[PDB]
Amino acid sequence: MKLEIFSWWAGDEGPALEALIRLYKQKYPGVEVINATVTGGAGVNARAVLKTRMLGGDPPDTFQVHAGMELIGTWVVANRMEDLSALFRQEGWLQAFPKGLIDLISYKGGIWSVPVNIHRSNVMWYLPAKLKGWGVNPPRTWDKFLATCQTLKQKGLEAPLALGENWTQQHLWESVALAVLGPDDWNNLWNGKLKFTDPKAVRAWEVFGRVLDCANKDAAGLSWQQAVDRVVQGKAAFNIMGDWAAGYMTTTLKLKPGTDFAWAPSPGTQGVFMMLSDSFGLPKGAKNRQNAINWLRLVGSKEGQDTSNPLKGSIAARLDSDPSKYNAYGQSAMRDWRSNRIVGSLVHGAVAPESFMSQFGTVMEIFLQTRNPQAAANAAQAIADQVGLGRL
């Protein structure tokens, strides 16, 4: 009796998963659980290893996958996943999750994964006591961000913005783009109604370049956790990162939400929640099909989600989630999830297929070397044209 769970929740990302696995083993003492993590932030490495496994005809029993175009445009369109519609009926999940989330996991009459959480992409992290020590406020717009960072440089803080490796630069970019475009024109990139070469979308790169000039110059070789660490250390004032950062700071670093660290929407994005969702499905050919199905039933349940998510920094995907199980951050995110305008993340798989996502890092490289907004815009448009962005 075995179950092989594939994810990128290695190292200090693992507590939430490990808690779920312990729950699973209580319920199913027969099963030996193989925790098959591929180490690498945002699944860049996991994507590559999964590709080798799937094309080699050696699927894991289940794998971490983002709800939306990431899921649909890769293993679903390739006819490598089982339709979970019957399981959804069995478990009452069509009423348990918000309709918009069901839509992201649904395609051509099937339902293809089970959401375990909701993460938010557009969060700015800072330390209220450090900000007071520097005599500044948290910025609510990109203009105020840039002005505050200049003030901070004058006060001796060389790199007021913490930043890491390539994907985290893309991560920062999607917050900047959302602020510059607003939610409607953000959405219009992904349905092809707004071109990347439109002046409105070229401006995202202009603002992004200015913001980049506030960042640590060693960013390229740092993990997302190391970039958060710079803020905790006061070697930076701000970091733009998903709320897995809240999980890190509380679960791993034991910081108190609200006093030892704080949060706001990314500048210019207040009232908009840029979401992503980690989900698990059922690959065809799974060696341990029933054990995988029982894992899906667990990760889709209130018991599972309210055990794991408080550790993770995400909120539950289930509508019936108990807010008393969440700290001050989780409760704040829960409120915003219900009240805000929702849009999807690019970097975390909601809005664009992997064909585009995987090439966007190249676009980002060419912005870092040229610092030319038009070149970056033109590059993103060329990729969009090559992959037929909007066709799925």
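Position 1 is the first residue in the sequence shown; the rest follow in order.
*Asks:* Using only the Cα atoms and their B-factors as the entry lists them, report which of 88-96 and 130-138 averages higher.
*Replies:* Per the PDB entry, the higher value belongs to 130-138.
*Asks:* Per the entry, where is the mean C-alpha temperature factor higher: 248-256 or 113-121?
*Replies:* The stretch with the larger average C-alpha B-factor is 248-256.
*Asks:* Report the option among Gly73, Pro160, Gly164, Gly281 whose CA atom has the maximum B-factor in the deposited record.
*Replies:* Checking the PDB record, the top C-alpha B-factor among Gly73, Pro160, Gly164, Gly281 is at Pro160.
*Asks:* Among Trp173, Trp295, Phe273, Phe261, which residue carries the highest C-alpha B-factor recorded in the PDB entry?
*Replies:* In the PDB entry, the greatest C-alpha B-factor among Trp173, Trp295, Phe273, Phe261 is found at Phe261.
*Asks:* Quick check for you: using the entry's CA B-factors within this chain, is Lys51 in the lowest, middle or highest third?
*Replies:* Tercile = middle for this residue's CA B-factor.
*Asks:* Once the chain's modelled residues are ordered by C-alpha B factor and cut into thirds, is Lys200 in the lowest, middle or highest one?
*Replies:* Highest third of the chain for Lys200's C-alpha B-factor.
*Asks:* Taking the chain's C-alpha temperature factors as the reference, tell me which third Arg338 falls into: lowest, middle or highest.
*Replies:* Middle third - that is where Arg338 ends up once the chain's C-alpha B-factors are sorted.
*Asks:* What third of its chain's C-alpha B-factors does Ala179 belong to: lowest, middle or highest?
*Replies:* Middle third, going by the recorded CA B-factors of the chain.
*Asks:* Mind checking which third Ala220 falls in for C-alpha B-factor across the chain?
*Replies:* It belongs to the lowest third of the chain when residues are ordered by C-alpha B-factor.
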